[PDB]
């Protein structure tokens, strides 16, 4: 349900994850620096606090408050309560993060004030909301 890989400080390249989606709950991906600031959360809400199939991007300092949510369209939430295998990729660009899902680009996310790279940790968190089918993590990768 929770796994991380820590990388040698990363200012370019990509982080990827493959997982089987849950019918309920949320899958969260956290990109941290050593300060443990959240440079980016990619928070895919399957069914979460009354929201269905909602993707949320945000950042924040370690003991800190969420910035504004961004909510892109195009994340491959399966219909009808189904589940599937999802591959997600975060490019660490000069500009900001680039998020792709199944090789399709979802959103460009410019780096937030005082939170640019290097990334040093990439974390998967599945949180349940009484799902019939819970998320299964298959892999975590760093792309150089």
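Numbering follows the first chain given and starts at 1.
When 130-138 is weighed against 117-125, 130-138 comes out higher, by mean CA B-factor as recorded in the entry. Relative to its counterpart among 24-32 and 62-70, 62-70 has the higher mean temperature factor, C-alpha atoms as listed in the PDB entry. For residue 5, the recorded CA temperature factor ranks within the middle third of the chain's modelled residues. Residue-level temperature factors show residue 78 in the middle third of its chain, judged at the C-alpha atom. The entry lists a Cα temperature factor for residue 91 that places it in the lowest third of the chain's modelled residues.
Residue 53 sits in the middle third of its chain by CA B factor, as recorded in the PDB entry.
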